[PDB]
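Letters are used for the chains, namely A, B, C, D and E, taken in the order the chains are written, and counting of residues starts over at 1 for each.
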Amino acid sequence: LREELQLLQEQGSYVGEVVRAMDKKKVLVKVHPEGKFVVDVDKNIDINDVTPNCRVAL
Amino acid sequence: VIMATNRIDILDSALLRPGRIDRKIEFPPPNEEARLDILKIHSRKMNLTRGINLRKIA
Amino acid sequence: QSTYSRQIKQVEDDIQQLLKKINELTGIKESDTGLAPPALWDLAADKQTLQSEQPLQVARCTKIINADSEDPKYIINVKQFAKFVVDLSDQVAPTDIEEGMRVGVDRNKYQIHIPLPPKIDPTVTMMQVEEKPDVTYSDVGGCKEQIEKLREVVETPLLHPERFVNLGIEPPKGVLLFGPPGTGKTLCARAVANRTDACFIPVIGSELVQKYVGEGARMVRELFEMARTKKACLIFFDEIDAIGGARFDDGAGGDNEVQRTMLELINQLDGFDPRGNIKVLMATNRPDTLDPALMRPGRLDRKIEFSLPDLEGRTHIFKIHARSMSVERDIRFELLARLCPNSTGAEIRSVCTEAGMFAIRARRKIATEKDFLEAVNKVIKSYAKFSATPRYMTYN
Amino acid sequence: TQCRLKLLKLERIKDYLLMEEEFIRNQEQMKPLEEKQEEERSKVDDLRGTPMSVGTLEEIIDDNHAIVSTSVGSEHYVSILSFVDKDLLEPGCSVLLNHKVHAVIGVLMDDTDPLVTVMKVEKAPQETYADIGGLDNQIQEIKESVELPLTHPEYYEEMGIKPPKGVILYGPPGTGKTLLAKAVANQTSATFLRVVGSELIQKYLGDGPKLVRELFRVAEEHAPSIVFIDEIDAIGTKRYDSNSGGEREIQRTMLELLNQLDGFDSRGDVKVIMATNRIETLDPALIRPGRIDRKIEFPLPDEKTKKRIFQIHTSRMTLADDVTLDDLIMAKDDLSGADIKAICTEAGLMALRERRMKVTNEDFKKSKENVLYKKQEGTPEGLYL
Amino acid sequence: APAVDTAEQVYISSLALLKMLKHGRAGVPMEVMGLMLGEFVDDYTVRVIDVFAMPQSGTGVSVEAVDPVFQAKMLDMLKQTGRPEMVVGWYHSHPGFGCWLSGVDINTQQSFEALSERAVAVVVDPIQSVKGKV
């Protein structure tokens, strides 16, 4: 609980959607009302790990 | 694409076309057998009293 | 071939699956697109991040209002669609910020950093104007009288307004193009545009009418204003039976849509200020199917005749079409022209081309006289017949 | 069967070797890439600033600016600085902007239209060429008219003047007008965009002139190209309302076509292929040449042609070598492609009822007498007419 | 220089910590800044005793806010009380920017550095002082 004080702060977390994955090693996610954003591949994904029309957690 | 309709005179000739339609399935208008079957299934949930015959209704 | 098609179907399926994995996997493999010349630019780029004048936001100046108290006030519309009032540019001229002009304004301070090239005020008018090619007189059949009037009316006053002053009239505000279709009117129109060095802006009437009427009104006004900025121009309204059709309004039909768009155009024709040396050119089947209401004859000026080729008349077009083309012939231009009935120019032009397609069939590579003879007989029948509605009963 | 099989087995195996060899390259094998490119990526991502906010690059100004419209909702006049060149950016594409302060970092990615995705369907006919025989003369013509000016420039250049700009495929269905468009498109491999005519008249008004101009304009950008307009009879036939039927709707769509094909706006060596089952609905101005060029007419199948038309349908099913073709020519003739499809379907239908899972001559024969009668019956017989 | 610049682990007292959080909070989105009074011992120990603040503005941190006049003025008060404090560094609050040092904030830090070689720069988040994590 003491530690939870520190843990809760972030800049939020969303549910987005992958319109398409891209073979450029960056991935295009569109947050539901807000425009498109290109972000890099993470450790937790690459491009065989995200494929078109996948709603995702962000 | 399976189609359903109430009557055969509210259709297009294009749908009625034999080369587009693999099978054609004919239903008569409401019959006594069908009505007996529906009344019986519902009577299990309904209450009854002595001297009811579903056959006269059908 | 039923058993043979399955084998082939399976073999492709397997090879195709494997491909999906290879493509995804390879990628660009953590490379940089910029390469070596952008490295110096990265350092600049960082300085800009610190800076408040970058990034600029594009906007447009909507309206000029003075109640000045710093330096001249303008109301701009931001593209988040909040109106903000900004002030005269940090060092650039006031003569570069105008009504209907684009301006770059700061994202963080909202004052005009630099003005930008004008116009982005309508969305729709920008869409409606399309690409422009040039085709020359060589390619367009005939040197006839019907061809000659198009030049004299359009080319001469715009090229030299001096001639038109000498006579003692103004260069036409309006100009009317008429003649039935399939005669190369658009083709001729492209051809005078190059000579005159007068820019032609093509426009489609079908875009103008829309479900809710009012869009077409703002579009038409905005369109005149743009053209007005251009000097010695033509606004050529092609294929219009909206701004081109019958005068009548049903009052529950698509006819409402036509009538608003026409009505603004009448206001534009006269102008808020007159339009000496500005031509709008309008194409109609004939001037009797055009409004007596949109046609207010002094302004429209000359009506340029184009008419359906005659038997003599088609003899003339056919030499131009043939000569332009590369063809080896023995038979003559007049014979084949008389061979055709009175119908349209378009069948007779297609003969010249069809003789080339028969050459590939024939197993030549260029035409011959026999291909030519074959082309008249099929072409006259084909295009004319097997068309048109089989009713003219119960219409308005 | 056995002759094919050794090569088939080898092709699948050659492809396996190809897949497996990729894995060793990405994981272990490096020589120019090394640890070095990994670091180049990290270094570029951190300077570049993740998240990158998408923009679209409309045009580039050579002075170190570009005009970008950010996809969030409000547009920005950015600088072209940081990991890209003016020429490296390309028009009508999606670009990366630094999130903190927008300068255009660069183009990795391309932007596809929303429109094109729906329209598009893949090129290849399900009936292989030289087995859409039957009016075999006619099949050749389309290959000459749409496919050839794009495939072979030699004849055109010597011939001179304007090339073709379309074909119109018309006449009774079943003579395979769709299969033909797909063949030429397959061969050239020109982007095949496909729209049904009924999309031209929908509830909203002016959607017809709108869709058709956008479709063409998109074909010119993705050029060379084949636009297929499938079954343009609907224009008059359909109405969701009074405004959607009637003259305004019919004219606007026809008028748009005329300007688009040869008129001022023109088109490139992009061809339009039109399928229509009725040129009664279609005008003399879209049956006019030089925005259609050669028109292809299919007539009713002839007695000899009908046997070749029947073979195609039989090839999609199971291959017959026990159907008597004469009985079909004798019973009905100077009836459509659609009638030969009608004999075939009914045979399949009777076999289905037994749970017979083949068609044979017997299924064709039994069904054939009812189908001929049925053809006449399709059009009203009333009470007794 | 790598041969004499080391980081300054800051010991922040109750009087400074509370002061900074409150001042930023009320001003929002107007940003507040100031000089920090403290003492310097070690070659790395700075205790931040107390703070006073510089002019708030609606653009926030700027060059205009920083003048030697305010500082010089303060120092005269320090003599009069008989407080000894030298200037340890400077502070600011960014509700309108993140913890990253804004382009105007670096400019302001450079001037302050000329006066005290050992100078520290602090981001305060007034907004976060509302919640239970700061």
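Everything below uses one rule, namely that a residue touches a chain if its C-beta (ideal position, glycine included) is under 8 Å from a C-beta of that chain, and two chains touch if they have at least 3 such contacts.
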Highest C-beta pair count, chain pair: C-D
Farthest chain relative to chain A (centres taken as mean CA coordinates): B
Euclidean distance of C-alpha centroids - chain C vs chain E, Å: 64
Distance from chain C to chain A - Cα centre to Cα centre, in angstrom: 44
Distance between the centres, which are taken as Cα means, of chain E and chain A, whole angstrom: 37
Rounded Å distance between chain D and chain E, as computed from the means of their C-alpha atoms: 67
Shared-contact residues (touching 2 or more other chains) in chain C: 21, 25-26, 28-30, 49, 51
Chain pairs in mutual contact under the definition given at the outset: A-C, A-D, A-E, B-D, C-D, C-E
Touching residues (chain side chain A, partner chain E) in the complex: 5-6, 8-9
Residues of chain C that touch chain D when the two form their complex: 1-3, 7, 11, 14-15, 18, 21-22, 25-26, 28-35, 37-38, 41-42, 44-46, 48-49, 51, 54-58, 78-80, 104, 107, 116, 130-133, 139, 181-182, 186, 189-190, 200, 202, 204-207, 209-211, 236, 238-242, 252-255, 257-258, 321, 324-327, 344, 346-347, 349-350, 352-354, 356-357, 359-361, 365-367, 379, 382-384, 386-390, 395
Parts of chain A lying in touch with chain D, wherever the complex brings them together: 22, 24, 26, 28, 34-40
Chain D contact footprint on chain B (complex, rising order): 13, 16-19, 21-23
List of chain E residues in touch with chain A within their complex: 128, 131-133
